[PDB]
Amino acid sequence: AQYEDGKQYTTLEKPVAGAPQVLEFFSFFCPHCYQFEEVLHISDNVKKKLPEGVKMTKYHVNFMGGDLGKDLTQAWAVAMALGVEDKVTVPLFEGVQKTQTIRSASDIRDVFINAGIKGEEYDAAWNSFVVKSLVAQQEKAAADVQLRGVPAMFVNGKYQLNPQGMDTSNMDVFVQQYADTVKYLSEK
């Protein structure tokens, strides 16, 4: 076939029921994740090729960057709760990987403040049990799929994207192959 298990995707021997339709995992410490966001715009290009009525989910993971990694998972929960993902994603990536000005929870907080979220609002969310359960959700979704590497994308809790098996000579061609694979898998 043109799309083959073990080529553009792998199949979970242990499928996950009730999973989000398109589920992406990343870390702000993850160098390919940086590229996926700023250079390739993977999520947005996948979105453009999916029907509508398909929900897309993106979760942060703990297994990179130790204590700061977990702070970032909680901050990402704050971003989801407040709906400000599109305002903090780029400065969090750049603060961790480019300027390396993110070294503490307070530095993460600074990114949100500079993006216009108010102190009161950030701190209230940070300490809320809505954000606690949102952290729990990120952890459980990753746990369900044996996750030891990012970036990762899972379609309907049964297929995992395999970008290693796509041409990388041309960044644009890579992105479309990836997005077209997600679409194929979603129609499966």
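One-based numbering along the sequence shown. The term rigid core refers to the maximal set of C-alpha atoms that superpose within 1.5 Å between the two forms.
After a core fit, the C-alpha atoms in 9 other deposited structures of this protein lie farther on average from the shown form in one of 146-154 and 44-52, namely 44-52. Comparing 62-70 with 44-52, the higher mean C-alpha B-factor in the PDB entry belongs to 44-52. Higher mean CA temperature factor, per the PDB entry, when comparing 22-30 with 121-129: 121-129. In this PDB entry, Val173 carries a Cα temperature factor that places it within the middle third of its chain's modelled residues. In the PDB entry, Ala142 places in the lowest third of its chain by CA B-factor.
For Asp110, the recorded CA temperature factor ranks within the lowest third of the chain's modelled residues. Sort the chain's modelled residues by C-alpha temperature factor and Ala1 lands in the highest third, per the entry.
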